[PDB]
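Novice: Give me coordinates for this.
(3 chains)
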Amino acid sequence: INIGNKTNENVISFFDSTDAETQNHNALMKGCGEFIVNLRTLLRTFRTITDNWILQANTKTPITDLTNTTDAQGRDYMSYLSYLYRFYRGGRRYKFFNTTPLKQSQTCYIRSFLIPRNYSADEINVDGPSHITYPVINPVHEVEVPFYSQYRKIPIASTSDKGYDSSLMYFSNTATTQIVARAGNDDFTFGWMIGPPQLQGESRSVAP
Amino acid sequence: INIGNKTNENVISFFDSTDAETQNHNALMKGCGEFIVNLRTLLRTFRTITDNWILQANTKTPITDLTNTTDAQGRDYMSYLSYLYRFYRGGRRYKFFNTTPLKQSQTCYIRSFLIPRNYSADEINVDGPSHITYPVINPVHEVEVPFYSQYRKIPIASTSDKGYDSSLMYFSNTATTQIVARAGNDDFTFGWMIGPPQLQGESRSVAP
Amino acid sequence: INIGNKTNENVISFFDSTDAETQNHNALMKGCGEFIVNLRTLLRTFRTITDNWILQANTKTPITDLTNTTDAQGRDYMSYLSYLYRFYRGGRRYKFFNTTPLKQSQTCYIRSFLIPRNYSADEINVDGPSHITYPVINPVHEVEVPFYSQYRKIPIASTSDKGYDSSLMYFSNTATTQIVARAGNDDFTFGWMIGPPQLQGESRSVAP
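Specialist: Numbers count the residues shown, from 1 in each chain, chains lettered A, B, ... in the order given. Please find the structure below.
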């Protein structure tokens, strides 16, 4: 019974029932039918980042006019899981579901181009790999931006070195309004884990 | 030279002379001639519990009118060693040495019966195993009460459950006076040791 | 991280260069040419204890009229190394370099005798082993006192038991003046080490 603090940690487990890895597998044959192991696979499912993205006719719009607003929110999985990590890597996918009250007397088309990140519309050309769809027959514009980077990984909010990896540019001949839903491609991943931020609950606007 | 109390007891023996079990055996071949090992064997030697037990003629007297007075004293070995223990077991023996100024013109006899413990004389019959002696020819009445119990061991001063083991009842046609000396039988033992009480010395009755 | 002082000494050596016993041997092939191992060998080199030992003609002079003055000083090696030790053993050697303005019209000779230690000149005879030199042809009087002792070792400043080992007595027919240089013989050694005394620096005799 000497004097001085000590160590020798005593791991105790209550409830000597059954090894838990058998009980989990027996609980997902009856309640799920699926077994979500990795959070990387939630970066490959398309979750909608907006519901009404209103644009004007004949205006080249980068996705960083939308993504820069919705990265802070943490609504979808690529912006909620990004608060646990500090780097990323890989391309991104997009889907553009049409919700426009279209006219028949025009022919609407949806172009898509590449800009490097955070340039505007006037300081880039339109001579690159593109994709065009027609919303009267194909209301979903599906596009994939690859990973064309100078660096092997990208941080969040870096220095004045801008335009070091590619992104998407949107174009349409008519003033459209869409539902944007993004996900990562087959090589997209985060890394270099940190701890989480806070969360936000309801907003009741109480009487006093 | 760290801080904290410790253990590791240091048994030291003074006087490296000779192993003591040889010295004890060599000291009892010259001073005793006997070697008292066990205290159980002192329960088989008869020690006198009284010197003048005066009775009246034609009166059935239980030994618990005498034993209940002399259990508290601790004079003999069955009442001195009983303060170290809490239980007992087995029968008891008695001897009744006659010290009566007898007459020749009567025929004195000494009956002895069984009562269960702590009954009186009127609430028991006399139909049992008995013993009769004649003090004009046999001045010592030797009797043995067996162990006829409902329980495998008996405590000291139990509940209102009375009469759960047998005892002795005395009878004589004349007013006799005796020397009672008890001991245990071949199965008598104590058990379940506790610590001793105090002892009592002299009583001088000093002048102030 | 218990409470209590401890032990377990951590010998650390700076400068992982090369084993030093190789570096010392490589440094004495280039700077010394000699390797002084033992301090006992410095008791066999003659160092001068005085520079002008003036005597009178026809006077038997013990060396303890000089040695008792110069043992305290610590100038030579036998009086500087003696402050580290408490005993000694063995004989001593002497050399007497002549520095007298001699005359030709006399014949100078230098006798040397034995006294036991600390006697005077009048309480000893001259019948013993002697040595005579002539400073006109042999200016160095070399003599060796052996170890003729009652004890196997001699302390410093003992009791009133005096004259327990031999020493030297000087004699000369003329008033000479010499340079005395002593050393131990082939059996001389100190022993039974103690710690050193203090040392003495300069004496400037400053202006205030």
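
Novice: The helix or strand hosting residue A:142 pairs with which strands, parallel or anti?
Specialist: Here residue A:142 is covered by strand A:140-145, with elements defined by DSSP states H and E. Sheet partners assigned to strand A:140-145 using DSSP bridges are listed as strand A:92-98 (antiparallel).

Novice: Contact residues of chain A facing chain B?
Specialist: By the criterion of C-beta under 8 Å from any C-beta of the partner chain, the positions of chain A lying close to chain B are A:1, A:2, A:3, A:4. The way it works is simple: take the backbone N, C-alpha and C, and place the C-beta from them, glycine included.

Novice: which two in the residues you listed are spaced the farthest apart?
Specialist: When the residues of chain A next to chain B are compared pair by pair using C-beta to C-beta, the farthest-apart members prove to be A:1 and A:4, with a separation of 10.7 Å.

Novice: so what's in contact with the two at the same time?
Specialist: Taking C-beta atoms under 8 Å, 6 or more residues apart in numbering or on different chains as the contact definition, residue A:1 and residue A:4 share the neighbouring residues residue B:4.

Novice: quick one, which of these two is more surrounded?
Specialist: Between residue A:1 and residue A:4, counted using other C-beta atoms under 10 Å in any protein chain shown, residue A:4 has the larger neighbour count: 11 against 6.

Novice: In contact with that one, which residues?
Specialist: Residue A:4 is in contact with B:2, B:3, B:4, C:1, C:2, C:3, C:4, counting by C-beta under 8 Å, 6+ apart.

Novice: if I look at it, how far off is residue C:98?
Specialist: Computed with C-beta to C-beta, to the nearest Å, the distance linking residue A:4 and residue C:98 is 79 Å.

Novice: Also residue A:182?
Specialist: For residue A:182 relative to residue C:98 (C-beta to C-beta), the value is 117 Å.

Novice: higher neighbour count, these two?
Specialist: Neighbour totals were compared for residue A:182 and residue C:98, and residue A:182 leads with 24 against 19 (other C-beta under 10 Å).

Novice: which one is the more buried one nearest to, not counting chain neighbours?
Specialist: Computed as C-beta to C-beta, 6 or more residues apart in numbering or on different chains, the closest residue to residue A:182 that is not its neighbour in sequence is residue A:94, at 5.3 Å.

Novice: what's across from that neighbour in the sheet?
Specialist: Under DSSP bridges, the residues paired with residue A:94 across the bridge are residue A:143, residue A:182.

Novice: Contacts only, for it.
Specialist: Applying C-beta under 8 Å, 6+ apart, one finds that residue A:94 lies in contact with A:63, A:141, A:142, A:143, A:144, A:145, A:168, A:180, A:181, A:182.

Novice: After the strand holding residue A:142, heading C-terminal, what element do we hit next?
Specialist: Along the chain past strand A:140-145, the next helix or strand (assigned with DSSP H and E) turns out to be strand A:166-172.

Novice: export that next one as PDB, just CAs?
Specialist: Coordinates of the C-alpha atoms in strand A:166-172 are reproduced here as PDB (Å, rounded to 0.1, in the frame of the first residue of the first chain):
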ATOM      1  CA  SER A 166     -10.300  20.600 -62.600                       C
ATOM      2  CA  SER A 167     -14.000  21.100 -62.000                       C
ATOM      3  CA  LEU A 168     -17.300  21.400 -63.900                       C
ATOM      4  CA  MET A 169     -18.900  24.300 -65.900                       C
ATOM      5  CA  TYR A 170     -22.600  24.400 -66.600                       C
ATOM      6  CA  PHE A 171     -24.300  25.800 -69.700                       C
ATOM      7  CA  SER A 172     -27.800  25.900 -71.000                       C
END
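
Novice: Spell out for me which residue occupies the centre of chain A.
Specialist: Taking C-alpha atoms, centre = their mean, the centroid of chain A lies closest to residue A:78, which sits 3.3 Å from it.

Novice: where does that residue fall, phi/psi-wise?
Specialist: Note on residue A:78: backbone dihedrals following degrees, to the nearest 10 are phi -80, psi -20.

Novice: And residue A:178, by the same measure?
Specialist: Dihedral angles phi and psi of residue A:178 (degrees, to the nearest 10) take the values phi -140, psi 170.

Novice: Quick one: neighbours of it, just the number.
Specialist: Applying other C-beta under 10 Å, we find 25 other residues in the vicinity of residue A:178.

Novice: Isn't it up against residue A:108?
Specialist: No. Using C-beta atoms under 8 Å, residue A:178 makes no contact with residue A:108, being 11.9 Å away.

Novice: residues shared between the contacts of those two?
Specialist: By C-beta under 8 Å, 6+ apart, residue A:178 and residue A:108 have these common neighbours: residue A:100.

Novice: Tell me how far the residue of chain A found nearest chain C lies from residue C:1.
Specialist: Checking chain A residue by residue against chain C with C-beta to the nearest C-beta singles out residue A:4 as nearest, at 2.9 Å. In this structure, residue A:4 and residue C:1 are 6 Å apart, going by C-beta to C-beta.

Novice: and what of residue A:112?
Specialist: 64 Å.

Novice: Residue A:65 now?
Specialist: Using C-beta to C-beta, which is the criterion applied here, residue A:65 is 58 Å from residue C:1.
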